[PDB]
Structure formats: C-alpha cells, structure tokens
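Q: Please find one structure pasted underneath; my questions will follow.
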Ligand SMILES: O=C(O)CCCCCCCCCC(=O)c1ccc[nH]1
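Protein chains in written order, with the deposited numbering: chain Y, 33 to 456; chain Z, 52 to 253; chain L, 1670 to 1719; chain R, 457 to 658; chain U, 912 to 1467; chain X, 861 to 961.
If you want it as structure tokens, here you go:
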C-alpha cells in the first residue's frame, strides 16, 4: 500500500505528438490522427492495402546515431521499436528533472512491453556482411530491455514482456510491485509498437475486422470495427515518500493495480464480462480505495460491436451501484482520437488522465452520435462524456481508473490520484 | 526428473548428431556441428488436448511442448486438472519467437493461414495454457535470453508472496525449429569443435 | 503366415470407391467404421463471440 | 506413517484413458510399479491424483499376484475374472429396486438364505455399513424384543420367509445397503418396491 | 535516415498476375519466336489440376483449351480470336506431391497474321519434354454472325435432371471435380442434344477477365461426356471461335449431329453469341487405360477380427412390432429359442424342414425341395393367418450331418446346404420384403482365423449367401453370427440383442463369452521378396487349371 | 445385483459398483480404502498416442552441390526447341558491387 509517483512521461503517438502537452492539444481540440499509408518504408504491398487507413508515426525511419554513441551500421540493424524506447527514455529522465549522468549506477529497474516486429524480413537480398553481425541483438525481444540499461548504466532488474495489447498495463503492474517489494529505487515502465511489415494490417483487412473509415468510434451506436495504429511511451516511477525526500516533481500517483485471465467456458455467460467485474474489485482492494471515490474511467473502448457493450455492462455491475448524488461515473476513451495503439494503450490513457488532472477538465469522446444500444443506460449512474466537463481541485480527492482488454484473455485495471501538491 | 537422474548418475552426456525429419535447408553450413536435441518434437497428439490437427500443425513447437509438459506437472503435483478449472493460478513462461512459419518454402494452404497468428505470437504462449486448463490468474510471457527461466521464477515467487494468487506455474521452452542460431554460432566459431560444455575445466 | 491370417488376399483396390459403387443406402461394418459416440469440443483459443 | 497391520482385503484399482490403445499402454506402465508398492497405496493414489476420462477399466484383487494377472489381461486385451471394461455415456438416469422378505418362499428359498448369509461379511469389510445396520437394529428392538438382534447377526432362512422377524431383518438390511450405496455416491433418480418391502423404497 | 532497404518510387506499374499455366515470358535475344516457362510447386497443383480420374490429379480439357488461347492472345489487345486444327494428345497427370514443370512457345508461320502455338509437359530427372497440345492461331475474325436467340426458348424438347445425378453419372465414369469446376446449375438432356445453365465459372484468375473461359469450355466437355456411356476424354477440336470474356451467367447448347463429333455454342444472358466450337471428338480416346492412371498401390488385404470388449453389452430387443420366425436343423433348438423369446415377452413361431420329423409341434416348410415357389406358397399361409414378421433366424447344425449320414463329401454337402438355405431365404424375401424384415444367418465353425478348432468347409455357402444379400437387396438389414461348433450355444436374447445394435449389415462371431466383429484392413506388401527369390534348381514345378493368358505369364 | 456376486463378499459389491462406474456413474471409491492403512505414491503419467504435426513434409536425404551457380554464368535454361544452350542471370543491386570489383 505505498503509493507510487509518476515523476515524468515521454511518448511518441500518431499525428505529430512528442509530449504530454501535444496529446492534450490534440484531444482538447477534438481532432483525430488516422490517415493514409506511409511512404518511405520499404513496403511493396499489392492491392491488399488499397483503401486501408490507420495511425502511423511519420519519421520512425529516422534516428540520430551519434547522440547515443552507435555506429550508423548498428543503428540500421536495430528494430525501430528498440530505437523509439531509447529516444523516449532520455526525454522521460529530462522531464522528470534527473540528469542522465546522475542516473548511472542507480538501482533503476526496467520493464518494457515489446512485440516482435519482423524488421529483417524487409530485405529482398541477403544482408551486407557488416550488418549481418549486428542483426541478432538488434532484433531479439530480450535485448530491448537490456539496451536501455546498458546505455543509461542502470544496475537494477531488466525484463521484456509480451501479453498482446495489455503489454503496457502488465509491464506497469510488475514495476509497481517491484517498487513496493523494495527491490529498486526507481522503475522505468512502458513499451513500443511500430509496423515495420504491413502483414498485421493485411491480416485484419482479409478478415474484415477494421472499421471502413478507420475510426474506433468508442462506445458509440455506429460501432463499425477496430483501427490499428502505432505508438511508443515510457513512464518513470518512484515511491511517493522517496520522491518527497528528494523533492522531484509528482505528476500523478498510482494507487492500486490488478491482472486476470477471462478463462475458458461457453461465450453465452459473457466470460470476458465476469473477468472485468473481478479485476475491477481486485484493483480497488489493492489500493484500499472505496468504489464511491472514483470520478471517471478511461475505458478500453476499442469499437468491437459486442465488446464495448460487455465493458459498459461490467462498469454498471461494479462502480455504478454506489454513486453519490450528482457524481455519476464519467466514461471515455483516448482510442477515439488516435486509434487502438496496440501494445501502448495503457500509456496513451495515463497521458490523457495526467493531463486532465493538471488542467482541471475532462475531454470529450469524439464521433459519439448516440450511446451503444447493447447495454442498459437506464440507471443514469454512468454516462459517456459527450461534452467536456470541469474537474477542479477541492475537498473531494480526485481519482480515475484505466482499463485494457485483449483477445488472448488478459484484462487489467489501474487507479490514479492527484499529486498532493503542497503550496509553494 | 528420474530420467535426468539416471543420465547424470551414470555419468553420461547427451550432445549428438543433427536432427533428421525436420525440413532443414542446411547445406555445408552445419557440416560437422553437434548439439543436444529433443528427438521427435515434430510428433504430438491433437485429440488429447481438443485441437483439430490443422491448428496443431499451425502452432510453434514451443507452445506444444509447454502444453504437454504442464499436464505432466499437474499429474505429479497430485492435482487432477479437472479440479484446477476455476483456480486462481498464475502463468509465467520464459519463451522466444521461434520463426517456425519461415520453414514454409511456399505460401500456406488457406485452411492453416488463419491459425498461424495466435499459433506463433509469443504473447499467445501464456494465454493458451490458461485457456486449456481454465486458469483465472495473470498470464505473461517474459524474455531476457538465457536467464528467461530465472526471471519467470522470480516474478512467480514475488506474486505468491504478495497474495495475488493461490498457485503459480513458472518455466519455459526452447526448440530449434529453424537452424539459423546454430549456423551463426558456427559461423563466428563460438562452438566447441567436439560439442561439449566442459563446464569449469582447463 | 503359418496361422491366424484369416481370409487374406493381394490386389490394388480403393475401398472408398468400392462401397459407393453399385449403390448402398445403409452402413456395412466390414468396410465402414462402426459408430459415433457422445463427446464435445471447445470453441478454440482467441474466439470469444456471443 | 504409524501404519496398521491388516488381512489381505480386496483393492479396487481404477484406470481411465481418452482412447482404447492408451488404456492398454497404461496397463503396461502400471504393471511394473504394482510389484514395488503395496496395492492399497497404489489404488488410493489412482483414485485421487488422476482424472475421470471416457474409456474406463476396473481391476479387483486381494494382493499383488492377482492384480498383476488383471493388469496383464488388460495389457494383452483378454477377458478374465475381476477385470471390467467399457465406454462411459455421461447422463445419470439411474433407478433402484427394493424387495420384501416373503417372496423368497415362492421358489429356491435356500438361495435367499445364502445371499443374506453372504451379506453378513460386509460388516467387517466396509466402515459405512456397520454403523447404519447397527442404528437400524437397535432402533427396531424397542418394537420387537431382543430376538431381532440375534436374527440380524444370524441372517438364515427368516430373510426369505413371511414372518415379523423376517420382514424386520429385510428392512434392516435394505436400509443399510441404501446408506452403503449413497456413501459410494450412487444417487437414485427413481425407486420401486415389490411387495411388503415398499417401505424401504419410500 | 536509418533503415535497411531504400524507399519505393512514388508511382509504379501494376505488374499484373500471370495465368498459372503459362507463367512469365522468357527474353532470349536471337530466338525466332517467344517462349514461356513455369514450375508448379506441390501445393499449387491442387488448384490448377481441378479434376481427378481414379484419384490421380489431371488437367481439365477446358483448361488445356484456355492455355492455348492465353498463349495465342498474349501479344495484342484484340477482343475476338480463332483457333483451328486443335489437337490435345494424351493425359497431363501429376502423382500426389510431385513437382510439375511446364513450357509453351509461339512461332510465326510466315503466312501473314498466321501463328502456331505449342505446349509441352514436365521434363524431370531421366525423363524429357513431350508434346501435350498444339493449335494454329488466326487473329482478327472480322466476320458477321447471327442475331439474338432467346435462351429461355432452348430447353423445350428435353427432360430436366438434378445436378446431383449429373455429377453422379460422371463419378461412374471415373471422374470427380473440385468445387471451382462444379459450374452447372440446371441441365436438360435427351436424344442427340443437351442444354444447360452455367454459373460464374471462377477458376484461379477467373473472378474477372478472360480466364473464366477455362471452366465455361470445361462445362462443354462435362455435358458432351454426359450423353455417352463408358469412360472417354477429349482429343481434337477442328474450330474454336471466341469473342470477349464470358458474362457472369451463360447458356450452353451441345449437339451430336456430326459423325462421331459434337458441336457446341455459348450464349449470353441476353442471347448474344459468345463462342462456338465445332468437331469436338472424344471417340479416339474412348476407353483409354485406367491401370496406368490409377493412384492406388499393391497391398495385402485381410479380414481381421476385433473383439467388442469396448461397449459389448446387448441392449434391448425393439418392442412388439411383429413376430420372429425361427428355423433350424434341430426341432429341439427351434423350440428352445421359442421358449426363451416367450420368457422375454417377444412373440415367436417355430419352423422345421419337412424331411425332419414334426417332433415338437412346429410349422413345416418344404425346404429340401429346391424351389422358392412351394416355399413361398407356405410362407403366404402365415400372412393369411394374419401373422406379421419382424425378422427371421436360420440356424445350422454344423458337423452333425457327418455322423448322421455316415459318409464324407464336403462338396456335395456344400451343394445341399446352399440349396436348402437358398430355398428358405428366397421364399421368405418374395413374401415379406415390403415389411422391411431383418434376416439373421447363424452358422457354426464358419469363421476363419479365430482361435478354437478348424473351420468346417461345408459351412461355406452361408458366408457366400450373406454377402450375396448385402449387395443385392441393399434396403434389408441382415447379419451373420458364427457360433463355436463345440461349446454350448448362447441365449437367443444375447444373439438378437447385439444384432439389433447394427443398422444395415455386419459379420459377428462368438468364441467363449466374447463377441467379435470382422473388418477388412490393409498393410504394405514386400514384392521385393520375389525380386530376391529364385526357385530351387533340383526340382519340377506345376502350373495347373488355367487358360492360355494366365498360363503363359505363370510360365514366364 | 448389488449384494450378489463372486464368493468373497467385498468382490461382489466392488464388481457391481465397478460396472456402474464403467457405464458412467461418478462412483466415489473412497469407502473401499477408508479405515485401511493407505498412503500416496508417485505413479507413471499418461501415455500419448503421437502422430506427425509439422508444416513441412520430410525432406529426402539426397546429397547435392553446395553453391554451384557461377556469379555471371547463372542458370542454364532447358528451352526444348533450342539449337544450343542459353544461360541467364539477374544481379540485384547489392550483388553488383561484389562482382564488379
Ligand atoms: O543468453 C544467452 O547467452 C543465450 C542467447 C540465445 C539467444 C536466442 C535468440 C533467438 C531469437 C530468434 C528470433 O527472434 C527469430 C528467429 C527467426 C526470426 N526471428
């Protein structure tokens, strides 16, 4: 039950976002980032991607090899995912106000969410003989968490994890438990997702799973399909007591966390629904936070036609029973502005809620023509945030939750709170 | 465990010749290389676990060995797997991407193509165990090269101590579907020329 | 083949043609597998519809 | 263990498999282990550390020499006394038939003494039966006088003969065997009673 | 920039997909005419070779005809074409899992626009390239043709058939078609012509553009073969003329008016002429050799007895639907089983042969006279009493005729046993088959290969008569049970019980308390044992009882 | 019959229940062992009935030349109507600098 402080966040997200401040400008202006296929990647796609729209990091094919002390040959051999984590971790220490030279030798742990991106399969020819020697460590999933710790000279634990889309919420749960266990002094948690090969967009298009206009219309009645997008992000964490001893900034406090599987039984009982209703209870208990005290939730909201309805049902079964008068649970999802973001969906959500706390407003969910008919809104105890509302500091401590789901059956929840923010 | 004890107590070793039966396109690039193989990793029993044989052909051999080895673990733990369904058991597997779809010298049949995804994504290897046995705990895969097994144990020990779960399953798998890691270790001359790990000897 | 060989022979035959040639509306357990029985299967991994 | 001494009472040894050939291979494995451990400990293990699949077999024997002959009979697939085989169909669908004393006077009356004269041996053989029979027997004595207690201990021809003592012993033994079957977890969906013994079915 | 592969151009050509039989053109510098080459991988073969003859994959005749048209039209945008003097030797075939090389060429004839095309089939290993089709090409057809004909006017002279029986007729001609080539949707046939409705003929590359002609032309072969009898395959066509790609529906007409040759015309849904074919001959390859084309190996086939140790419990007899008839060589056995069926509440009647004594109050039947009429005139009397029959048991005494007659002749005994059993069984089938009775033949010591004593040869007509029923009255359920000839016979409720668990037909046997069932099963045959064999030199050998053709080969 | 069976009185009841267990009833055998000296032991695990499950059909064990094509001469064609042999190569951009020294 020690609270864990987010000291700083760094990220790259669709539509030219490079900082938490940029993501705020994008959501508060109600824009969306989904666009055309990238040029400049080696993609010789057939007719199979004609009309496919998605969210891409423009410029992932560019890097600055000299700043991190690499040979340009090695910088070419590395998976784009390893490079985004490395570039984002420097930005994470800088906004946290820590000198990377003072971080050397620290008991900082690393917990990275990464999935194998297939990068060397772009080659038509056999590789040049100088590149070949670097291709092993350049593309192994286990090397991604090791490289960060070598570059920044960190001496704590280092792990790469994979759990499909929940990989960032699972990485963050391990980092929170590590800091509470007393294993490490700081912890670095996050992930990356970059489409070096087109094959995942082709696999979703062949099965007709994508929305036709490429929008994840989160919780709306339109509900046409999902939308794949890229993204990368790192959070730096420390125990709240140690953060206040040193005098580092606190942007938000992580209070409680949980993970579960949705098991295996007949789909008629809604097994993924029962799984969410246990995982929320577990996360509230881990943080010792009462279910009336949460104001809002950054829902998974991917736009799958039944799945958003199972999520809305699970929230009514779990939060929607004990609401104070005039305090109905506000629901939204960042996937509406930037697409699904695959492995980093939890970081995108945390950046939104961290910026919402700092600016005393909750942003609207875009493209909501009317609420989804697959769940019962008749309690009035839960609603979509269809016009933005104020969220002032005051006598009630502000709190919010995040959810992530995936088809392999992992589910999770996090609770966030205000910084204590003592007067200057 | 008893087979390992018989080998070890009789003072033998188990490094030998390269596998037949796997479809390997290794020319002279593995000539004279010796290594330790699981014979018959290409053979499996789909009807026991409830898989149609085309899905059982789509799966990476690493997902198959973990699934087989888990049943044997429960049968010695004295727990009937039918009694374990609905338990708060967590799964932590040390696993790596095996490249198994790259064995195919041609585009696959359209029946197997739609199963290769969850057949070969590393993050499926935790979830599929939890599905087959109906386990409700957290289910993660970890990778840090050789140490991926200690990392899985450490996270499982810390999960049980913190009261997250009632049981935990921790371990890993490694199979050479493709020859390429042996080709490169031979190319850079890292292998002993007689193939033995002379562990601390002169 | 000293004993226990039964009725035994040597030829090129495809029995799936043979039992469908002429015509036959009911099973014949000398060539056909005897019967079905009560068992059930899961909807597969990843699939979670309805 | 502080393990008690005993006479060589029969052991029920249970095997199950998901297909027929696997049952026969399981008998060849287990036949090499019943030689080392005591049969009561092997039977207690297989009842509890294993699942209950669709293809089934049961072997009965007093000791190691008989049980080995049963497992060999399964392994070669040949019928022998004390071996039973079959394929389960999952539905419950069970009913239980009860009868009065006096119908044993209709014909072959000494066989309806010899059944009850055999049935007395169950009192030493099983824990659940003795307490049930004793509870009924001491409960009946207050309606009848002491001679019913001798009659339950000496179940001769009275069990076949239309008499108050005969009907009392018949109700006692039927009630006791019903508690025996429910201790073995057989649960009836229907009951039928023939003649004056209908009270037992009720 | 830090990336492995340099970036793609802002604009590029579509690089259109090749037709799978002709592949990508070669670029030899000095060559007199164009050539093209392909390898089919073992996975691709099943999509291109859409037809099976006797299990082996073969290339459809409409596909060879389209291959020549695709080879012809490669150099020009022109929408109408003509092929003449078309010849298609042999069968293109590919044994399961093998590679298939293909090659094709074009040569200018020097006669203005006239060009020659050829196709050559797989060279591999010690084998060499061989011709598999040739045609002459004349471009720019540039001639008028008839005005529209209403497709709905065409069928009136002919009966309609179910498309299921159309493909079953082709199955009885050795041929089966994969789903992409099952393009028929309605068919009419009779006399010297046929007409048909053809769906979207969507071969590989066929969902749009010219390639759809492969399966439209193959429908003309399917329909042309449907009119004949005995297996046959296309060999020549004298003209093919085509304009445009075929519409999503087309109508075919096929006629047999030329001496040994078909003509065919393809019409659009609007009644426009799409293509025509003249002088289509199958007759020069009527009845070509299946034994060289069949996929199956030489194997050893054996009737193996499996115990019913799994599920071996009798189950109930099927209720009071009608009586059971019991006939036996022994009046005491017939009576005993009629007493047993009475204890179980099943109605039964006892029958005996009229050369046996009427010892135990049975009916009597003239079995022993070889004639089904006098037997039938006896069974008809039971129907006139109002008796109804569920089934019939015939029980044989086994070796007991040997000590009873006091002399041995197993071949005369077999002649008698056949004659008796035939008289009973035929006589019964004539009188009751509309009731769907069940027939059970109960031999003893007839089953081969089982343990416990030798088989008795005089039983053999019973196993023959059982299989003689199974294929000739295929709607009637029946079974043979073979008893042990020396152990005591089982309770009749056990026999009938286990037999009522079989729908259809089967062979069962009893030895001890076990029930067994026969299955015909297969294993590889080591013919190389004979390749190592030589017979001993200091001996004589007999070849006996054969004709000239068998004897000459035995002597060889 | 539940009381009736073979001569030892326990074998009758255990066989009668054994047939019900065999047919499918979920019988709890623990009363046969209760009050007796029973322990627990490690026993052999389930015997799998394995079959080949692999994407690729097994390759034939034939020896062949390791790298036969010469960098300029390339592949020899088998054009059927040819008067004499012709050979072709395409060089990819990364090969060109290796052959052109
Ligand atoms: O820690 C050590 O000393 C052991 C090093 C072993 C590294 C093995 C990495 C294997 C990754 C294979 C892979 O990611 C792949 C193969 C084909 C396509 N991708």
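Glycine is no exception: its CB is placed at the ideal position from the N, C-alpha and C atoms.
#1: Shorter than 8 Å from the beta carbon of residue 1707 of chain L to some beta carbon of chain R?
#2: With DSSP collapsed to three states, give me the class of residue 1377 of chain U.
#3: Per the contact definition of three or more C-beta pairs closer than 8 Å, is the segment 1685-1695 of chain L in contact with the segment 1376-1388 of chain U?
#4: If contacts are defined as beta-carbon pairs under 8 Å, then residue 1056 of chain U and residue 997 of chain U qualify, I think. What distance do you get, rounded to the angstrom?
#5: Going by other Cβ atoms of all chains shown within 10 Å of its Cβ, with 16 needed for buried, is residue 144 of chain Y buried or exposed?
#6: Tell me whether the beta-carbon of residue 39 of chain Y lies closer than 8 Å to the beta-carbon of residue 275 of chain Y.
#7: So within the segment 1248-1284 of chain U, which uninterrupted beta strand (DSSP E) runs reach at least 3 residues, ignoring any that extend past its ends?
#8: Give the interface partners of residue 939 of chain X over in chain U, defined as CB-CB distance under 9 Å, in chain order.
#9: Just to make sure I have the definition right: I need the residues of chain L whose C-beta is within less than 7 Å of the C-beta of residue 189 of chain Z. Which are they?
#10: Is it the case that the CB of residue 172 of chain Y approaches a heavy atom of ligand 1 more closely than 7 Å?
#11: Quick check: the segment 609-623 of chain R against the segment 546-553 of chain R, are there 3 or more CB pairs under 8 Å?
#12: Does DSSP put residue 613 of chain R in a helix, in a strand, or in coil?
#13: Just to confirm my understanding: we take residue 1220 of chain U, look at its own chain, exclude 5 residues before and 5 after, and list those with CB closer than 7 Å. What are they?
#14: Using a Cβ cut-off of 8 Å (strictly closer), state whether residue 186 of chain Z contacts chain L.
#15: Taking the DSSP output, what are the residues bridged to residue 436 of chain Y?
#16: What three-state label does DSSP hand residue 1389 of chain U in the structure shown?
#17: What's the call for residue 292 of chain Y, buried or exposed, on a 16-neighbour Cβ count within 10 Å?
#18: Any idea what DSSP makes of residue 585 of chain R, helix, strand or coil?
#19: Could one say the Cβ of residue 1008 of chain U lies closer than 8 Å to chain Z's Cβ atoms, at least one of them?
#20: How big is the Cα-Cα spacing for residue 626 of chain R and residue 557 of chain R?
#21: Considering residue 292 of chain Y, what are the terminal residues of the beta strand (DSSP E) in which it resides?
#22: Any beta-carbon of chain R closer than 8 Å to the one on residue 53 of chain Z?
#23: Evaluate residue 226 of chain Y with the Cβ neighbour count: other Cβ atoms within 10 Å of its Cβ, from every protein chain shown; 16 or more gives buried, anything less gives exposed.
#24: Please tell me whether residue 1424 of chain U has its Cβ less than 8 Å away from any Cβ of chain R.
#25: Is there a Cβ of chain Z sitting closer than 8 Å to that of residue 202 of chain Y, yes or no?
#26: Does at least one heavy atom of ligand 3 sit under 7 Å from the Cβ of residue 147 of chain Z?
#27: Alpha carbon to alpha carbon, what distance is there between residue 1065 of chain U and residue 1117 of chain U?
#28: Considering only the alpha carbon of each residue, which of Y:192, Y:374, Y:411 and Y:174 lies closest to residue 46 of chain Y?
#29: Skipping 5 residues on each side, what residues in its chain have a beta carbon closer than 6 Å to that of residue 902 of chain X?
#30: If you pair each beta-carbon of the segment 1390-1400 of chain U with each one of the segment 1322-1336 of chain U, do three or more pairs fall below 8 Å?
#31: Could you spell out the range, first to last residue, of the alpha helix (DSSP H) harbouring residue 1311 of chain U?
#32: For ligand 1, any of its heavy atoms closer than 7 Å to the Cβ of residue 232 of chain Z?
#33: Check this for me: beta carbons of residue 1040 of chain U and residue 1108 of chain U, under 8 Å apart or not?
#34: Determine the direct distance from the alpha carbon of residue 1254 of chain U to that of residue 1706 of chain L, and round the result to whole angstroms.
#35: For residue 1086 of chain U, does the three-state DSSP call read helix, strand or coil?
#36: Would a C-beta distance cut-off of 8 Å place residue 1069 of chain U and residue 1100 of chain U closer than the cut-off?
A: Straight from the coordinates:
#1: It does; some Cβ of chain R falls within 8 Å.
#2: In the three-state DSSP reduction, residue 1377 of chain U falls in the helix class (H, G or I).
#3: These segments touch.
#4: Between residue 997 of chain U and residue 1056 of chain U the Cβ distance is about 20 Å, and since that is not below 8 Å, they are no contact.
#5: Residue 144 of chain Y counts as buried, since at least 16 other C-beta atoms from the protein chains shown sit within 10 angstroms of its C-beta.
#6: Using a Cβ distance threshold of 8 Å, residue 39 of chain Y and residue 275 of chain Y count as a contacting pair.
#7: The segment 1248-1284 of chain U contains these whole beta strand (DSSP E) runs: 1259-1264 and 1274-1276.
#8: Those are 937, 939, 942, 946, 948, 1014 and 1016, listed as they occur along chain U.
#9: At a beta-carbon threshold of 7 Å, none of the residues of chain L lie near residue 189 of chain Z; the nearest stands roughly 17 Å away.
#10: Yes, the beta carbon of residue 172 of chain Y sits closer than 7 Å to at least one heavy atom of ligand 1.
#11: With a cut-off of 8 Å, the segment 546-553 of chain R and the segment 609-623 of chain R do not count as touching, because too few Cβ pairs lie within range.
#12: The three-state reading of DSSP puts residue 613 of chain R in helix, counting H, G and I together.
#13: Closer than 7 Å at the Cβ level, and outside the excluded window around residue 1220 of chain U, lies no residue.
#14: No, no contact with chain L.
#15: For residue 436 of chain Y, which the question treats as bridged, DSSP gives the partners Y:444.
#16: Strand at residue 1389 of chain U.
#17: Under this definition residue 292 of chain Y is a buried residue.
#18: Correct three-state label for residue 585 of chain R: helix.
#19: No, because no Cβ of chain Z sits closer than 8 Å to the Cβ of residue 1008 of chain U.
#20: Distance between the alpha carbons of residue 626 of chain R and residue 557 of chain R is about 6 Å.
#21: From DSSP, the beta strand (DSSP E) with residue 292 of chain Y extends over 284-293.
#22: Proximity of residue 53 of chain Z to chain R, defined by a Cβ-Cβ separation below 8 Å, is not satisfied.
#23: When all chains shown are included, residue 226 of chain Y counts as buried.
#24: With respect to chain R, the C-beta atom of residue 1424 of chain U has a partner C-beta closer than 8 Å.
#25: Taking Cβ atoms only, chain Z reaches closer than 8 Å to residue 202 of chain Y, which makes this a yes.
#26: Ligand 3 is not part of the structure shown, which contains ligand 1 as its ligands.
#27: Approximately 27 Å, taken between the alpha carbons.
#28: Put simply, of Y:192, Y:374, Y:411 and Y:174 the residue whose alpha carbon is nearest the alpha carbon of residue 46 of chain Y is Y:374.
#29: No residues qualify anywhere along the chain.
#30: Because the criterion of three Cβ pairs below 8 Å is not met, the segment 1390-1400 of chain U and the segment 1322-1336 of chain U do not touch.
#31: Note, residue 1311 of chain U: premise wrong, no alpha helix (DSSP H); not H, not E.
#32: Yes.
#33: It is not a contact, given that the beta carbons lie outside the stated cut-off.
#34: If you take the alpha carbons of residue 1706 of chain L and residue 1254 of chain U, they lie about 32 Å apart.
#35: Correct three-state label for residue 1086 of chain U: strand.
#36: Judged by their CB atoms, residue 1069 of chain U and residue 1100 of chain U are nearer to each other than the 8 Å cut-off.
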